[PDB]
Structure formats: C-alpha cells, structure tokens
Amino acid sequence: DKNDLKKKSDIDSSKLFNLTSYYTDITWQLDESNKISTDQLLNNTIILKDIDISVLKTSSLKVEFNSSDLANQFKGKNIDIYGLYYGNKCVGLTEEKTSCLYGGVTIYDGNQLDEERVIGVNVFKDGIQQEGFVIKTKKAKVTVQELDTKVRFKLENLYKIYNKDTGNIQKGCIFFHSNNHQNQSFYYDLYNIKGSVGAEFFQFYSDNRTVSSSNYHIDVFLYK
C-alpha cells in the first residue's frame, strides 16, 4: 500500500544530504572480523579496542543493542561486526576516541562460509521489473543491517534514492522474504528514517535482527 509509505519530499533537505553521504561513501561501512569486546558502559553496550576508523580518527568501537540480553550474548565472545557507524553523540571511555554502531553483530566461530553466499535482489519501479542484482555475504547467520545496507548502497548508486536534488523516486520499500516460506516476510520503508543524525537514523538496527543467508531473498519496490 503506497499510502502507508513515507514520501521523499517530506524529508528535510539537510537530512537527505546527510543520508546521501551515508549511502554514497563506502567508508561509513564497518566490516570487522573475529574481534572481542573488553569493556562496557551501559548494560546494553559492548566496547571493542583497536578498531581504527581513519576518517573519524577513532580507535575504539561501542556497539549498542536494544537489551542487556543481547549484549550478554556477545560480550567477550569472538564476533564479526558489520554496519553503519557514527561519531557525533558517541560516548566511549573517557581517554579513548570512540565510534558507535547499533547491532550488526554475529558470533564469529562456526559462522564462516567456505565461499560467498549470493542473495538475489529483484527491483520494481512503478510495478515494472528492473535489472536485478545480487549482494553477497560470507556469513551463515547475517544481520539484516548488513543486507539492508548493501542493497541501499547499490540503490543509492543506481537510483539516487536519497539525493537532495533528485525527485523522480518519491517512495520505496525493501522486503525481506524467506525462500522456504516458513518465516513471515517484513519490510523497511526507505524514506521512514528517524531523527536528523546517524545516532538516530540507525537506532532501529539495535535489535540485531539476524537471518539465515541461505533462506532469504530481497524485493525492492520504488515509486515515482
């Protein structure tokens, strides 16, 4: 239902400008393997050292989850991390330079595939099938954030989803469908972004929602 989707033209121009940066510059995508947390501030966070992010001049990473339960699942275990980080409003240890990411965490041990798993993305624009594409992961269990981000990056490149000076795409959504039909599909609205900075934009990923990479495919619906 197109009238349940938010409109690009209702997004403040400054916000579209900041979203464009997030989905144009690959440097915002953190992709770290076999790390381990060694500190914690709030009970729903874990802190990792020696994660060097050149563009923000930070050395530590705080991952924020929506529960103490999630943090407890991952604190002090070998983990992979994938997602979009932020530096502004990020609080770390007092004498450290820290960036922040919501969720994006998978157990490392036993989750590494012997080769890239390919996930199909079908794209429709005003109901007409467009050129499809794939995204890839090396993880058996993969965060939705990783899949969503890889798709959104490609959509920004091909369709200028978030560009402040384009207006030919006004609405859109991304659906995650189980191949075997055993899980209820779900979607995100591309133009339904919370707040005005990264600390707010990506907070919804704090659920650390995770799927089987073998069992999902993606459909994107775009509308003029």
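Start at 1 and count along the sequence shown; that's the residue number.
Novice: Comparing 5-13 with 199-207, where is the mean C-alpha B-factor higher?
Specialist: The stretch with the larger mean CA B-factor is 5-13.
Novice: Mean C-alpha B factor from the entry: is it higher for 144-152 or for 130-138?
Specialist: That would be 130-138.
Novice: Reading the B-factor column of the entry, which of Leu42, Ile51, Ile47, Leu190 has the highest value at its C-alpha atom?
Specialist: Answer, based on the entry's C-alpha B-factors: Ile51.
Novice: Between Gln170, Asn34, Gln184, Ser68, where does the Cα B-factor run highest in the record?
Specialist: Highest C-alpha B-factor among the listed residues goes to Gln184.
Novice: If you rank every modelled residue in this chain by C-alpha B factor, which third holds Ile81: lowest, middle or highest?
Specialist: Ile81: CA B-factor falls in the lowest third of its chain.
Novice: With respect to C-alpha B-factor, does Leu101 fall in the lowest, middle or highest third of the chain as deposited?
Specialist: For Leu101, whose C-alpha B-factor we compare with every modelled residue in the chain, the answer is the middle third.
Novice: Place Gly87 in the lowest, middle or highest third of its chain's C-alpha B-factors, as listed in the PDB entry.
Specialist: According to the entry, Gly87 has a C-alpha B-factor in the chain's highest third.
Novice: Classify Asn111 as lowest, middle or highest third according to the C-alpha B-factor given in the PDB entry, relative to its own chain.
Specialist: Tercile = lowest for this residue's CA B-factor.
Novice: Ordered by C-alpha B-factor within the chain, which third holds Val63? Give me lowest, middle or highest, please.
Specialist: Lowest third of the chain for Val63's C-alpha B-factor.
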